[PDB]
Structure formats: C-alpha cells, structure tokens
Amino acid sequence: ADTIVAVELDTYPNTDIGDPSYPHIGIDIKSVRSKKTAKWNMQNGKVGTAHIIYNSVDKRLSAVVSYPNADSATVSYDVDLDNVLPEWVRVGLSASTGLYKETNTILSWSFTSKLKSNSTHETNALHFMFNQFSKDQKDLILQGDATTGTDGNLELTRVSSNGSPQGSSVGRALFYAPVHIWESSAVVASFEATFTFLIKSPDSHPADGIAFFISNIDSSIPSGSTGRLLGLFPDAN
C-alpha cells in the first residue's frame, strides 16, 4: 500500500462518503475523507492557481487557491509529516473524471524543497519549474491517461480532438527524481509548491477534481480509483 498526503481541489460533492455539499479544497492524510476542508468558489473555464506550503517549525500544511480579482480559498492542518511519510518521497499531480467530466489541464508547475541540516551554510535544495510541457518530457513519470505537448500543456485526463473532456479517466504526473522530504539532523525543513490549472466542462457540470500529492517513491494508480477517489486511494475509507 502507498502512503499519500494530498491537497484535493474537489469539483463534485460526494456526500455519500463525507464530502461537504459544494466544491471545496481539502487536506487528505492517508484517506479520501479530508481532515479539513474549505468552500471553493470554482470558476468553470477560468485559469486558477494553487499555492501549497509547509515547514518543520510550525508543522502546518497550508494551501491557497485563487482566480485573478476573485477571492481566494484557504485551508490549513497541523500535521508532523515526519510521523506520516517516508524520508524519501516523490511529488506529483493527479486528476480524474467519472460519470461527469472536466478538463484537468496543467499550464505550469513549480516546486522547491530545502533542508538545513544543523550546520551553518550546509543546505540541500531541490527546485524545478515547468512553464511549458513538451511531447517527450523525460523528467516526468506519466501514469494513466496523462499526456504532454497538447498546446505545450499537460493534460492529466483524456480529452478528445475537439478539446472535449471524456468520462472515466485517470492520470498522474510525478517528477522523475526522489525528494528528501525530512531528516532527523535537519534544523529546518520546508517545501513550497505552485501550479496553474484550467478546469472546464461544456455541460457546466464538472467532476471530479485535481490533487497535488506526495507519495512513496513507487506509488502507482490504484485499481478502481477512477472518479471520486481522485486516482489516489484504493477505497473510500
């Protein structure tokens, strides 16, 4: 089994399994049933941005989602990732569609993690920034229905020639290199993530959502995780 820690941008309310009755953003720790959630005033057809942050001093996983000139949605949860996740992990982006669908497009993605290990001036750091994706992005691990190059964008789920969303689709993108998320010797550890997305459904009835996640290096799409399980969990517990 994998260990997933995610920040879902949930477009469809699945009250049958704990989702509030409106689109929302939330923090998921080893389960699809969020530990915290916030109402999200999603805008069909508009590009948004998600900013997720974390540091080992405060120990709070926070996220902000916004649209230009609109209001932002924020969610936070006090969690000590050292007691939840492996020391080495992989970071990625995931999306799905079920009976209902939307386009789960990624226009840009950035990530930075730093580990100050006790010593002065002895810091390990990792940073990548994709402002454009190519047909053969050799530094990404594509899973499910994910593809790159489509207008220099990253399409996580299946979209037809006529730019139309398809149902029952799941796709993930993981950065190639493993990331050292925490350590014991470190005096300060922190990470920062950011992405811009374009979710649009012609019927104006979207599903199911996008999720930024952190997992064990060898994570793969669970069977049956289409739709409401955001391609991250095996069951809805």
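Here, rigid core means the biggest group of C-alpha atoms that superpose within 1.5 Å across both forms. Start at 1 with the first residue shown and count on from there.
- Per-stretch RMS Cα distance to the displayed form in 8 other deposited structures of this protein, following rigid core alignment, is highest for 202-210 when 202-210 and 41-49 are compared.
- For 74-82 versus 94-102, the mean Cα distance to the shown form in 8 other deposited structures of this protein after rigid core alignment is larger for 94-102.
- Note on 12-20 vs 209-217: mean CA B-factor is higher in 12-20.
- Checked against the record, the higher mean CA B factor of 106-114 and 161-169 lies with 161-169.
- Highest CA B-factor among the listed residues (62, 41, 55, 31): 41.
- Of the candidates 127, 90, 121, 138, the one whose C-alpha carries the top B factor in the deposited record is 121.
- Remark: residue 189 belongs to the middle third of its chain, ranked by C-alpha B-factor as recorded.
- Per the deposited record, the Cα B-factor of residue 7 falls in the middle third when ranked against the other modelled residues of its chain.
- Per the deposited record, the Cα B-factor of residue 174 falls in the lowest third when ranked against the other modelled residues of its chain.
- For residue 81, the recorded CA B-factor ranks within the highest third of the chain. Only modelled residues enter the ranking.
- Among the modelled residues of its chain, residue 70 has a C-alpha B-factor that falls in the highest third according to the deposited record.
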